């Protein structure tokens, strides 16, 4: 019992992380096959000013790169852009290249981040994609290029690569197709995140998790229909709850139907009155229904 944010094992990903440096920039790269992918901003000669990527690529000199793993270097044979990603062809194939696939993460979905520091795996933890395409992760100078991944049906998916941190502390990254989630630009600009929309299904999950833990102060003797709720959400920065099917098990186990929890959300949205739910002082939308169900009881 107990609700904790978790991550899937990183063993399959760890061997693919490499240190990539250029000029004064040192970050992390993903080594798969005979290629190394990393943020192209590792090529920038001056990250405190607007970056002209066409010029930076024109003046690039392969020998200036330094790709390595456990202090064993890989020779770079070529460099090209793929969206906001830099793809380096190296003189050696990663013998530990795991079978894998690439896919994009959607808002509300969870995935794992393998936080690395200068080509070295440091920590693993789970995150959740926000509506604007960002995540509330933990990266400090040097974790750029950290990899996001998910294991589903025995298949490893590489889904995210960290690029930058916004002024508001939210984190930005791209998929391996070279597309930046949220369409943010890979510049040291002051772009804004935008209005964050809470994942309604994730909050319901959270509230269910809270119920299973014995917390009930937020449970009223009222209920709000899915239709009414879906109406309210559209104007209060919350997604639309498509159906209650996903919470059937949680509903049976706790005895509270979705709609009752929907009523709670609307009423908790203005403050917890100093109270807490699973130690937090506000609604949490970082756990998907699946995440909660698996962690509650045998699934």
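Positions refer to the first chain, counted from 1.
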| item | value |
| --- | --- |
| Per the entry, higher mean C-alpha B factor between 199-207 and 218-226 | 218-226 |
| Selected stretch [higher average CA B-factor]: 36-44 or 66-74 | 66-74 |
| Member of 172, 129, 115, 140 with the greatest C-alpha B factor (per the PDB record) | 140 |
| Selection by C-alpha B-factor (highest) of 98, 108, 154, 122 | 154 |
| Position of residue 3 among the chain's modelled residues by C-alpha B-factor, lowest, middle or highest third | highest |
| Relative C-alpha B-factor of residue 266, binned into the chain's lowest, middle or highest third | middle |
| Chain-relative CA temperature factor third for residue 31 | lowest |
| For residue 82, the third of its chain into which the C-alpha B factor falls | middle |
| Relative C-alpha B-factor of residue 287, binned into the chain's lowest, middle or highest third | lowest |
